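Below, each chain spelled out in residue letters.
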Amino acid sequence: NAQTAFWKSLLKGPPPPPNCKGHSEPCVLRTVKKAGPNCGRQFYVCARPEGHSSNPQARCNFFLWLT
Ligand SMILES: [Zn+2]
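- As recorded in the PDB header, X-ray crystallography is the method behind this entry, and the stated resolution is 2.6 Å.

See the structure below:
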């Protein structure tokens, strides 16, 4: 069943975003716009809105450079 198999592979998109530890939910991909050595680099961070340090629903501290 090789042939049908071969094209199934090509339909497989990039792996999902990592999940944050605070909520176990897909992070979101932001792009650095600060011109400099990092300009254009991308990273993942928690997707929750910002909020009070006492708020479990607020954004958590996940950070991961996209390689
Ligand atoms: Zn989070």
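Text resumes after the structure shown.
A word on the overall build of the chain
At step 1: The number of helices and strands found in the chain is 1 helix and 3 strands.
At step 2: In sequence order, the chain lays out its α and β elements as α-β-β-β.
At step 3: Its C-alpha radius of gyration of 17 Å places the chain more than 25% over the 11 Å reference for a compact globule of 67 residues.
At step 4: For the C-alpha atoms alone, the extent of the chain along its principal axes is close to 55 × 35 × 15 Å.
At step 5: Expressed as a percentage of contacts within the chain between residues at least 6 apart in sequence, the contacts between residues at least 24 apart total 27%.

Conventions we followed
Residues numbered from 1 in each chain as written, not as in the entry; some residues may be left out. Heavy atoms only, no water. Residues with missing side-chain atoms left out of burial classes, pairs and counts. Helix = DSSP H or I, 4+ residues; strand = E, 2+ residues; numbered from the N terminus. Rg over C-alpha atoms; globule rule 2.2 N^0.38 Å. Contact = heavy atoms within 4.5 Å.

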